[PDB]
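A single chain, nothing else alongside it, follows as structure tokens in the form deposited in one PDB entry.
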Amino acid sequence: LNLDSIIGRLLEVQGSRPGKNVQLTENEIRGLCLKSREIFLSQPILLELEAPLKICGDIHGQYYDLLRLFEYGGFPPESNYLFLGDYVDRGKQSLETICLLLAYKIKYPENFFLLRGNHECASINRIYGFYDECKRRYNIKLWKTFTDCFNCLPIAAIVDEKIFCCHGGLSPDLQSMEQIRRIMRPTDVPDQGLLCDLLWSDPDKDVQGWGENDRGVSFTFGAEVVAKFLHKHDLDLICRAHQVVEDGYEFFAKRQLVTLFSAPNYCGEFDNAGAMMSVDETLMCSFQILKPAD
């Protein structure tokens, strides 16, 4: 497995010109996928987590931005982490990104957590860059190993029975948490239905209940959907990711939902900060921001 050596090499580029690659061996990467997969399967698909915790949204292969997040948030295991998915695609360093994340999951399996995003799906990461990066840097067989691993990622987390976390958002079909718990893994993400919505849906201030999503997949939901969901489930907050937001975090339905996004100046096409939300032992939530310099 060689884990500490793998982590050392991944972290060696701290202080290098951003964009510099870390090229692990194919066998090393395979080993990460295989062990992390075992771990994901041994833990619930709907995680039950306790504060203190730091929550991050999309990274999209922006490896040197991920390194900064750990530098300011505290490297595992000094802080506990929950990531909300979308580790791969768009960025040029999906491989370094996902390998470091999987390494820390393997090293600290009770204190480090990764959810599945819509890009942790073969039909999506085939097209938006992760397959290309695997093909160029390794081979297509390694991309298939990643798919097997991704297909076992948990889908949602509940923090101290009060914060519901998933990549996308709610589903018109979601009535009981048991509907999430009963999803068997490995699984692909379908084109429609509960699992799709959890990874794909968006809040929208201009829709009342449920509307159509401009992505051509899943739905949008309004502030009233959020209020009823939280009331039904005795929850305080939905934490999700999935949309670029200018300051890295953005509330919806008052403070009832928050969107987190952790890829600063997203794929060099947006001017946005990244952010993380810290939840302390007493459940005090705060935001720390990652802003590109001018």
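C-alpha atoms forming the largest set that superposes within 1.5 Å between two forms make up the rigid core. Note that residue numbering follows the sequence shown and begins at 1.
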Divergent stretch in 6 other deposited structures of this protein, 12 to 20 or 266 to 274 [C-alpha RMS, superposed by the core]: 266 to 274
Mean temperature factor over C-alpha atoms, higher-scoring stretch between 85 to 93 and 210 to 218: 210 to 218
Mean temperature factor over C-alpha atoms, higher-scoring stretch between 125 to 133 and 106 to 114: 125 to 133
Residue of maximum C-alpha B factor among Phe70, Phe251, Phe40, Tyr266, per deposited coordinates: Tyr266
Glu78 by Cα B-factor - lowest, middle or highest third of the modelled chain: highest
Among modelled residues of the same chain, the CA temperature factor third for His119: lowest
For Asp173, the third of its chain into which the C-alpha B factor falls: middle
Third assignment of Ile180 from its chain's C-alpha B-factors: middle
Position of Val159 among the chain's modelled residues by C-alpha B-factor, lowest, middle or highest third: middle
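There is another form of this protein, the form solved in complex with a partner chain, and it is not shown here; the text below is about that form.
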Residue contact check: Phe83 to the partner chain in the deposited complex, 4.5 Å heavy atom: no
Contact of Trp200 with the partner chain in the deposited complex (heavy atom, 4.5 Å): yes
